Amino acid sequence: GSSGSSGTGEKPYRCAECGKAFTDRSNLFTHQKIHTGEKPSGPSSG
Ligand SMILES: [Zn+2]
């Protein structure tokens with residue numbers, strides 16, 4: 001399909017967890033906090 005990320009915004013960094021865009025790393029890491037601070041997940045389990 002005509003899908004794609006590049007559009008709404010062109011940021012150098014990107015969150016491989018959710019998919020957020022950031023201008024500077026410091027910002028990205030600061031966000032990852034909400035990612036590296038919650039119970040883990042599992043495939044078709046729990
Ligand atoms: Zn994220």
# chains A, B, ... in the order shown; residues from 1 in each chain; ligands from 1
call {"tool": "residues_near_ligand", "arguments": {"ligand": "ligand 1", "cutoff": "12 Å", "atoms": "only C-alpha atoms and all ligand atoms", "output": "PyMOL selection string"}}
result
chain A and resi 13-22+27-37
call {"tool": "select_by_dssp", "arguments": {"residues": "chain A", "states": "strand (DSSP E or B)", "output": "ChimeraX atom specification"}}
result
/A:13-14,21-22
call {"tool": "write_last_selection", "arguments": {"atoms": "C-alpha atoms", "output": "PDB file, in the first residue's frame"}}
result
ATOM      1  CA  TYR A  13      15.815   9.956  15.699  1.00  0.00           C
ATOM      2  CA  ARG A  14      12.939   7.493  16.059  1.00  0.00           C
ATOM      3  CA  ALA A  21       9.970  11.245  16.292  1.00  0.00           C
ATOM      4  CA  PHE A  22      12.569  13.369  18.079  1.00  0.00           C
TER       5      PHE A  22
END
call {"tool": "atom_distance", "arguments": {"atom1": "CA of residue 8 (chain A)", "atom2": "CA of residue 25 (chain A)"}}
result
19.1 Å
call {"tool": "select_by_dssp", "arguments": {"residues": "chain A", "states": "helix (DSSP H, G or I)", "output": "ChimeraX atom specification"}}
result
/A:25-32
call {"tool": "write_last_selection", "arguments": {"atoms": "C-alpha atoms", "output": "JSON list (two decimals), in the first residue's frame"}}
result
[["chain", "number", "residue", "atom", "x", "y", "z"],
["A", 25, "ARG", "CA", 18.76, 12.17, 21.23],
["A", 26, "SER", "CA", 18.50, 13.56, 24.76],
["A", 27, "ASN", "CA", 14.79, 13.93, 24.04],
["A", 28, "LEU", "CA", 14.44, 10.36, 22.76],
["A", 29, "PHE", "CA", 16.18, 8.81, 25.77],
["A", 30, "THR", "CA", 14.03, 10.94, 28.08],
["A", 31, "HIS", "CA", 10.97, 9.37, 26.45],
["A", 32, "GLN", "CA", 12.26, 5.79, 26.42]]
call {"tool": "atom_distance", "arguments": {"atom1": "CA of residue 24 (chain A)", "atom2": "CA of residue 10 (chain A)"}}
result
12.1 Å
call {"tool": "atom_distance", "arguments": {"atom1": "CA of residue 43 (chain A)", "atom2": "CA of residue 6 (chain A)"}}
result
28.6 Å
call {"tool": "decode", "arguments": {"residues": "chain A", "atoms": "C-alpha atoms", "output": "PDB file, in the first residue's frame"}}
result
ATOM      1  CA  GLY A   1       0.000   0.000   0.000  1.00  0.00           C
ATOM      2  CA  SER A   2       0.879   3.692  -0.110  1.00  0.00           C
ATOM      3  CA  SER A   3       2.023   3.538   3.513  1.00  0.00           C
ATOM      4  CA  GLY A   4       5.050   5.290   4.979  1.00  0.00           C
ATOM      5  CA  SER A   5       6.415   7.108   8.020  1.00  0.00           C
ATOM      6  CA  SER A   6       8.180  10.059   6.393  1.00  0.00           C
ATOM      7  CA  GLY A   7       5.614  12.847   6.284  1.00  0.00           C
ATOM      8  CA  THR A   8       4.052  14.493   9.327  1.00  0.00           C
ATOM      9  CA  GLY A   9       7.610  15.176  10.441  1.00  0.00           C
ATOM     10  CA  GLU A  10      11.190  14.443   9.410  1.00  0.00           C
ATOM     11  CA  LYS A  11      13.145  13.695  12.585  1.00  0.00           C
ATOM     12  CA  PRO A  12      16.658  12.183  12.735  1.00  0.00           C
ATOM     13  CA  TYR A  13      15.815   9.956  15.699  1.00  0.00           C
ATOM     14  CA  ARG A  14      12.939   7.493  16.059  1.00  0.00           C
ATOM     15  CA  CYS A  15      11.536   5.297  18.831  1.00  0.00           C
ATOM     16  CA  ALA A  16      11.757   1.648  17.780  1.00  0.00           C
ATOM     17  CA  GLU A  17       9.326   0.950  20.620  1.00  0.00           C
ATOM     18  CA  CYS A  18       6.273   3.003  19.656  1.00  0.00           C
ATOM     19  CA  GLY A  19       7.403   5.072  16.687  1.00  0.00           C
ATOM     20  CA  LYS A  20       7.801   8.618  17.984  1.00  0.00           C
ATOM     21  CA  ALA A  21       9.970  11.245  16.292  1.00  0.00           C
ATOM     22  CA  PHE A  22      12.569  13.369  18.079  1.00  0.00           C
ATOM     23  CA  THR A  23      14.914  16.189  17.071  1.00  0.00           C
ATOM     24  CA  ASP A  24      17.663  15.416  19.582  1.00  0.00           C
ATOM     25  CA  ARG A  25      18.764  12.170  21.231  1.00  0.00           C
ATOM     26  CA  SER A  26      18.503  13.564  24.761  1.00  0.00           C
ATOM     27  CA  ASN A  27      14.785  13.926  24.041  1.00  0.00           C
ATOM     28  CA  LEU A  28      14.443  10.361  22.759  1.00  0.00           C
ATOM     29  CA  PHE A  29      16.176   8.811  25.770  1.00  0.00           C
ATOM     30  CA  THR A  30      14.025  10.938  28.077  1.00  0.00           C
ATOM     31  CA  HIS A  31      10.965   9.370  26.450  1.00  0.00           C
ATOM     32  CA  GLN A  32      12.258   5.792  26.424  1.00  0.00           C
ATOM     33  CA  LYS A  33      11.812   6.112  30.188  1.00  0.00           C
ATOM     34  CA  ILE A  34       8.123   5.264  29.812  1.00  0.00           C
ATOM     35  CA  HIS A  35       9.272   2.221  27.840  1.00  0.00           C
ATOM     36  CA  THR A  36      12.077   0.906  30.048  1.00  0.00           C
ATOM     37  CA  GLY A  37       9.898   1.058  33.147  1.00  0.00           C
ATOM     38  CA  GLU A  38       6.920  -1.252  32.699  1.00  0.00           C
ATOM     39  CA  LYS A  39       6.108  -4.965  32.854  1.00  0.00           C
ATOM     40  CA  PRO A  40       7.318  -6.949  29.813  1.00  0.00           C
ATOM     41  CA  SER A  41       5.087  -8.384  27.086  1.00  0.00           C
ATOM     42  CA  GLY A  42       4.608 -11.779  25.468  1.00  0.00           C
ATOM     43  CA  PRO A  43       3.357 -13.327  22.207  1.00  0.00           C
ATOM     44  CA  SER A  44      -0.164 -14.742  22.465  1.00  0.00           C
ATOM     45  CA  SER A  45       0.511 -15.098  26.191  1.00  0.00           C
ATOM     46  CA  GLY A  46      -0.895 -13.067  29.067  1.00  0.00           C
TER      47      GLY A  46
END
